[PDB]
Amino acid sequence: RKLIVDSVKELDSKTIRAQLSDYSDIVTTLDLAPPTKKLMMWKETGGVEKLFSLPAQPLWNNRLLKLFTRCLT
Amino acid sequence: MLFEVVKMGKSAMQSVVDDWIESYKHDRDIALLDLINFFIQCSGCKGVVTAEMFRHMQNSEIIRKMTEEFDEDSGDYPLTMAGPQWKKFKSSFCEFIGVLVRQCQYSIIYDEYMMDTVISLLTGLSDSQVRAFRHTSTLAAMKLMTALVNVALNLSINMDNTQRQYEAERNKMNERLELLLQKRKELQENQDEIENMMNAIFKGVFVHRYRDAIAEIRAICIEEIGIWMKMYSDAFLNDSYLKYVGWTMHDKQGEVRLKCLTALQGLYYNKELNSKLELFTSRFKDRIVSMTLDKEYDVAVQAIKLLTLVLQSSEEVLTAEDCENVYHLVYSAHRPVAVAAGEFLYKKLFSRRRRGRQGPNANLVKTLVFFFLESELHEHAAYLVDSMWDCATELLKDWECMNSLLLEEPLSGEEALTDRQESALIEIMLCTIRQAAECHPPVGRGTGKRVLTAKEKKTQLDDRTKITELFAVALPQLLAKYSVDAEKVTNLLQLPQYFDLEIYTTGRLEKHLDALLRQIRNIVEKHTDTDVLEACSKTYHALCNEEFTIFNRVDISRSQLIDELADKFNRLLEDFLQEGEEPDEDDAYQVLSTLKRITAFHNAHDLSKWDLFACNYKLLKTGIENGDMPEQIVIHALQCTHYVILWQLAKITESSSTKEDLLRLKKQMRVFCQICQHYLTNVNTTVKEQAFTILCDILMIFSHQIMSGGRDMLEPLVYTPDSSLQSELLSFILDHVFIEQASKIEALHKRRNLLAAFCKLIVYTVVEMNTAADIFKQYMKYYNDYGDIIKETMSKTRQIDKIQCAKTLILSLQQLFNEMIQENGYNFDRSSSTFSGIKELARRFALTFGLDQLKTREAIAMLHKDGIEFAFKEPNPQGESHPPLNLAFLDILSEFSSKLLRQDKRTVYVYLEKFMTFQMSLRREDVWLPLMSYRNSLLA
């Protein structure tokens, strides 16, 4: 039948005692955000979309940049 | 019916309850049957409890009979059913229980009939194996006890008030004492009755359901225990009830852990309830600090929040080591946890808590600098500032104090800041100014695309106005003080980008602009660091805006600077390139220095009035003729010439340009490509890399796309790459990108950039698609490093031409097989790792053709026809009967046999017949088994 009948209704005391001993499965380490300024910029300009959209040699004027972006189609 | 009325949600619960209370008074059995049927029908049971059942049968037998009559269409019971009607049902059920107790609180509850019947039925259904009943019965019992706690709290208030009166009576001394004493006795019988009912629910349902296998039931019990101890702490905040919360904090499911933390935060909001929670905090302080680094980030946020609440009530409990772990969470990648850690840091070192160094926030600014330096997790302050932005806005936006610590002299008794501390403050100030001026969080700490609200726009305007007015006067002074330091100057030169330039003309601060311009000119003439020079060039571009009236002054300054630089370059080059003599390192240092500065200004500024191509061509030409030109001069000369040709192309857009200009541009661009091709074969790797990047970029700009978009006047400027250049570019990639497996992560990003450049040329049809075979074959071997670039290239190329991509893929697999037969030789094992790895790329490539199976018929058919001919190509030199060489290759093709539509399957076998005799159809494991597989793959 579709009625959710449950044979194990509670947790075992060994499971409770084990949980009170080890808590490694539910803890974790620290995910640090880009640590250096260059790694911050690589997070912004280092993805496939940005790489296939931006020039290999940095162009700092939008007039010079438009010459490349105009050819991207 | 009661269930139907509660589900309909049309009438008020008090009317529903008062209607039932009136009915109970008439006949009790009829009313109790309806109340009993309600709990059974709120579980989803469509069965009925007859009066004969209630009068003769026991609770256990009734639950058994109701289980058998539980018609079920889905395992979904009311409280699991999703939808707004059912969300109303949950609150309606809970409210009915509360109202029933509230209305029957003074008379019916003490009759020894109703509550006993209800608690007995609820306890029985809380032991059932049907999740429907147990979940529902647990929720009812939990809500009944919250309601019963209220009557106990109200009874306690009355007894304390009654007892207060009895003391006064005996003090003032009487039938008043006798009647008051009867109230005391009556309230004691009532309080004892309620306590017995409450203990029955706690020892019959809570003690067992806090350990239920289903997490949903466990969370219901944990939520209610928090409510009870917050409501009646004088009887529920003992350790005998708190022990359950401590054990459940170690639960595997994070929903239940969240409920435990929320329950404990409710107790710490009241600072009075501290003596009781003190022993518990001591025992579980360790687990709470451990829950800060929880797999579920939501539980982590609540743990830091609870530690902040603990810090407020008692600070000594948390040791410095524990606090340190939480301080490290400011540099987290998740803003919610970082913001929670920022609040803990604010309340621990800053919140605790005249103009300038004497200002009230000076000590807090020095404290923040000291923290950044004592935490070597990050070298920039962007994430520290973002995390503490919503809490320390006053301190972060106090730029007068920060500027006074950097410019004003130390007061007597105040120790000075060291160069490291001063460099730290400049990093913190630049970061505060950036987030204020551009109201978006740093990368990773937000979407960065939120429409600003009205207050956000007003705040941005006032912040920018204040930044401009203060740093318009201070920036010149700061650059003069820290001019020699490259790191400090780089950071300081980025400030002018966040300024309202109109303030200079609306505020008559033009004398300050003259000083800013002089210091940028002074820094350029003294520094040779690429980053210092990039900053100076970009600062000038920001200042050089023709939309601002200050443009004339900054155009004069820029022109004067380039005049001096260009004049020196021309006079130095005339003697450096003199035929004969020997090149002193001093002369080359002077030349490199001036070329470096000009290259920087040429990226953002025109500089076309100062013709520099002739000078740069002579320097590069001499390197090709002599061979000893310093490497760094060659790199900067290549970059400068790129900008010269790029700035000329921008001016040609104007029809005002003659054909002499188009013809002059063509000759200049063609000469440059030949110079770049020469340095692509250079011995210095840096020169090879520079030439490749510039060539890849110039080839995209001067391609056939320069004619698209109605620019048909640029047809004479199209440059098509020759097979020689295409071969040389592929050689560089196969030697400097796919090499033999901090600086490692940097080299990765540089090699990824170089690969993207070549892949851009293949997706924009600048270079032939047959050149992608080498990159495609390196998919699996370099997947962790360049897989994304290769996958994008494969997808983009499939859109340009699926048939050509199919042929390119087969060549890559064909090439890897040739390399194995060059080493392992023709006599190789078909279980070797190399063959098995080659067989794995075929599986991945097959997966990339699946899309649009009815549209990729020609591509997959070509793949098979192209590979069939490679397998049957070199005949067996031993004999025309021994299996063909490379016949083993078709083992790699067997992978694509699935993608072929059945109709395509028949045709490819017809192609096979042309390269296979009936004699070749002999059964042997002697290398004849390989072919048998491909035949068997296509046969079915």
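- As documented in the archive entry, the model was determined using cryo-EM at 2.9 Å resolution.

- Where the PDB entry is consulted, chain B appears under the name Cohesin subunit SA-2, with the organism given as Homo sapiens.
- For this structure, the PDB header gives the title as "Cryo-EM structure of SA2-SCC1 complex at 2.9 angstrom".
- What UniProt records for chain B under Subunit is the sentence "Interacts directly with RAD21 in cohesin complex. Cohesin complexes are composed of a heterodimer between a SMC1 protein (SMC1A or SMC1B) and SMC3, which are attached via their hinge domain, and RAD21 which link them at their heads, and one STAG protein (STAG1, STAG2 or STAG3). In cohesin complexes, STAG2 is mutually exclusive with STAG1 and STAG3."
- Taken from UniProt, the Sequence similarities comment for chain B reads in full: "Belongs to the SCC3 family."

- Chain A carries the name Double-strand-break repair protein rad21 homolog in the PDB entry, which gives Homo sapiens as its organism.

1. A word on the interface of chain B and chain A
Part 1 of the argument: Each partner contributes to the interface: chain B provides 89 residues, whereas chain A provides 54 residues.
Part 2 of the argument: Of the roughly 6,900 Å² buried between chain B and chain A on both sides combined, carbon and sulfur atoms contribute 61%.
Part 3 of the argument: Three residues, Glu72(B), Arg211(B) and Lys252(B), lead the burial of chain B against chain A; their summed loss comes to 10% of the area buried on that side.
Part 4 of the argument: Between the two partners, chain B and chain A, sit seven salt bridges.
Part 5 of the argument: One salt bridge in this structure joins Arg209(B) and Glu10(A), with 4.0 Å as the shortest N-O distance.
Part 6 of the argument: Taken together, chain B and chain A are joined by 36 residue pairs in polar contact.
Part 7 of the argument: At ten residues, the largest contribution of residues to the side of chain B that touches chain A is made by helix α35 (residues 743-763) of chain B.
Part 8 of the argument: Split by residue class, the side of chain B that touches chain A holds 33 nonpolar, 26 polar and 30 charged.

2. A look at the nonpolar core
All names here are of chain B.
Part 1 of the argument: With 339 residues, the main nonpolar core has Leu 35, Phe 96, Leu 144, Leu 148, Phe 692, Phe 702 and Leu 755 as its most contacted residues.
Part 2 of the argument: Broken down by element, this core gets its largest block of residues, 15 residues, from helix α8 (residues 131-172).
Part 3 of the argument: Residue-level mapping places this core at the junction of two domains, with at least three residues from each of domain 1 (1-209) and domain 2 (801-939).
Part 4 of the argument: With sequence-adjacent residues up to four places away left out, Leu 35 is seen in contact with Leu 2, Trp 20, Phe 96, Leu 100, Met 114 and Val 118.

3. Let's talk about the packing of aromatic side chains
Residues and elements named next belong to chain B.
Part 1 of the argument: If you walk through the whole model with that rule in mind, you get 40 aromatic pairs over all chains.
Part 2 of the argument: Residues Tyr 210 and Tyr 244 carry aromatic rings whose centres are separated by 4.9 Å and whose planes lie at 90 degrees to one another, so their mutual orientation is edge-to-face. Within this pair, whereas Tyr 210 is found in the loop between α9 (175-209) and α10 (215-231), its partner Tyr 244 is found in helix α12 (residues 239-248), the two being separated by 34 residues in sequence. Both residues of the pair, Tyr 210 and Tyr 244, belong to the buried class.
Part 3 of the argument: Taken together, a centroid distance of 6.4 Å and an interplanar angle of 5 degrees make the contact between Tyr 331 and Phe 371 stacked. Pair check on accessibility: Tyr 331 and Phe 371 agree, each one buried.
Part 4 of the argument: By way of ring pairs, the aromatic residues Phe 202, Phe 206, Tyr 210, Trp 228, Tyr 232, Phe 236, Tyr 241, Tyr 244 and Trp 247 are connected into one cluster.

4. What about the side chain of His378(B)?
Part 1 of the argument: Looking at where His378(B) falls in the secondary structure, it is placed in the loop between α18 (362-374) and α19 (382-387).
Part 2 of the argument: For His378(B), the side chain forms a polar contact with the main-chain oxygen of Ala33(A), separated by 2.7 Å.

Basis of the calculations
Residues numbered from 1 in each chain as written, not as in the entry; some residues may be left out. Chains lettered and ligands numbered in written order. Heavy atoms only, no water. UniProt positions renumbered as here; feature names shortened; annotations may be inferred. Contact = heavy atoms within 4.5 Å. Buried area = accessible area lost by both parts, 1.4 Å probe. Salt bridge = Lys/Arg side-chain N within 4 Å of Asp/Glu carboxyl O. Polar contact = N/O pair within 3.5 Å; in protein donor to acceptor, adjacent residues only side chain to side chain. Helix = DSSP H or I, 4+ residues; strand = E, 2+ residues; numbered from the N terminus. Nonpolar A, V, L, I, M, F, W, Y, C, P; charged D, E, K, R; others polar. Core = buried A, V, L, I, M, F, W, Y, C linked by side-chain atoms within 4.5 Å. Buried < 20%, exposed > 50% of the residue type's maximum accessible area, 1.4 Å probe, protein only. Domains from an automatic or database assignment. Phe/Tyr/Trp six-rings, centres within 6.5 Å; stacked < 30°, edge-to-face > 60°.

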